[PDB]
Number of protein chains: 2
Amino acid sequence: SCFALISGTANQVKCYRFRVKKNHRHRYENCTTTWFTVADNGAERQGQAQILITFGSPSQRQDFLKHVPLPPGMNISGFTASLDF
Amino acid sequence: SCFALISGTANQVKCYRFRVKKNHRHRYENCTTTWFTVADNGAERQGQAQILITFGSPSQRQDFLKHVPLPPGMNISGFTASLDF
DNA sequence: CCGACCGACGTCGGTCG
DNA sequence: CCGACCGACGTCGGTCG
Ligand SMILES: [Yb+3]
Ligand SMILES: [Yb+3]
Ligand SMILES: [Yb+3]
Ligand SMILES: [Yb+3]
């Protein structure tokens, strides 16, 4: 349901997960490993590294946005998703 | 906007991406590397391996569901997501 | 079409300054 | 708080039967 996508360099996003899990565990539901959108040849990737963070509620997401610092050069987008099937 | 989450074993989902990219490229927008939800200790993961597949439109997603076979023991869920910020 | 398997390599958790 | 860096290892693209 309520989630955010955080993007940066792969190393950046990995180390960010480490500290979020360590210091701000109560501010989010779950978090993912680091992923990329794949491109067309071999192991090519497109775009920046990403993690997905889910929230229990939108209030929780707001708590997160207010309290967890975002390193320079990282970006965050927030979505709400309905199950289709 | 319109997406699906496909889950299975990590090897299962990787090999599935290989064939989807190879045979059914026109049936989807983009696809991700394989990811997991992390757990609480060391490199522990929770749940099955996942890939995210995006679609250009819901009609495209329907084309995909009708034409691309899903191996036994894999699962697919479909969502629609609105940008919050 | 499927996925165990190959060797390769980049992401892994963690450290530290 | 931040992220280059460490050595480790599991996911990587690809093969094949
Ligand atoms: Yb390319
Ligand atoms: Yb655990
Ligand atoms: Yb191996
Ligand atoms: Yb290295």
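Throughout, protein chains are lettered first and strands after them, A, B, ... in sequence-line order, and every chain is numbered starting at 1. Quick note: numbers below take in every heavy atom, side chains included, and nothing from hydrogens, waters or symmetry partners.
To the nearest 0.5 Å, the span separating CE on A:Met74 from OG1 on A:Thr9 amounts to 7.5 Å. Remark: B:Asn30 CG to B:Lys21 NZ distance equals 10.0 Å, nearest 0.5 Å. One finds the CG atom of B:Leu5 at 8.5 Å from the CG atom of A:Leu52 (value rounded to the nearest 0.5 Å).
Counting only distance, with no hydrogens or angles, the side chain of B:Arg27 and the backbone of B:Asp63 share no donor-acceptor pair below 3.5 Å.
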Can you check side chain to side chain donor-acceptor pair (under 3.5 Å) on B:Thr33 and A:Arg45, steps first, answer last? CA-CA 9 Å; B:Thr33 60; A:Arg45 314 298 181 220; 5.7 Å; no
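Salt-bridge annotation for B:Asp84 and A:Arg61: present, with a side-chain N of the basic residue lying under 4.0 Å from a carboxylate O of the acidic one.
To the nearest angstrom, P of C:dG14 lies 13 Å from CG of A:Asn23. Per the geometry, NZ belonging to B:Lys21 stands 18 Å off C1' belonging to C:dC1, to the nearest Å. Atoms CG (B:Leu70) and P (C:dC2) sit 8 Å apart, rounded to a whole Å. The distance from atom CD1 of A:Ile6 to atom P of D:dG3 is 14 Å, rounded to the nearest whole Å. Nucleotide D:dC12 holds its P atom 10 Å from the CD1 atom of B:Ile51, rounded to whole Å. Taking atom CZ of A:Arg19 as the reference point, atom P of C:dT15 lies 14 Å away to the nearest angstrom.
Classification of the B:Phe64-B:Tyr28 ring pair by plane angle, with boundaries at 30° and 60°, yields perpendicular. Between B:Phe3 and A:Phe3, the ring planes are perpendicular. Angles over 60° get that label, and only those under 30° would be called parallel.
Candidate nucleotides C:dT15, C:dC2, D:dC2 were compared by shortest atom distance to the side chain of A:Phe18, and C:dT15 ranks first.
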Between protein and nucleotides 6-8 of chain C, what N or O pairs are separated by less than 3.5 Å?
none

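On the basis of its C1'-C2'-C3'-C4' angle being negative, D:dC9 carries a south sugar.
For DNA chain C, the residues of residues 24-50 of chain A within the heavy-atom distance limit of 4.0 Å (strictly under) are A:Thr33, A:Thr34, A:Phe36, sorted by number.
Residue-to-nucleotide proximity on DNA chain D shows that, of B:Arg17 and A:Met74, the 5′-proximal contact is made by A:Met74.
Taking a pair to require two hydrogen-bonding distances under 3.5 Å in either a Watson-Crick or a G-U wobble arrangement, C:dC12 pairs with D:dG7. Pair check for D:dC1 finds none; no Watson-Crick or G-U wobble contact set falls under 3.5 Å.
Linking ILVMFWY side-chain heavy atoms closer than 4.5 Å, directly or via other members, places A:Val38 and B:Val20 in two distinct hydrophobic clusters.
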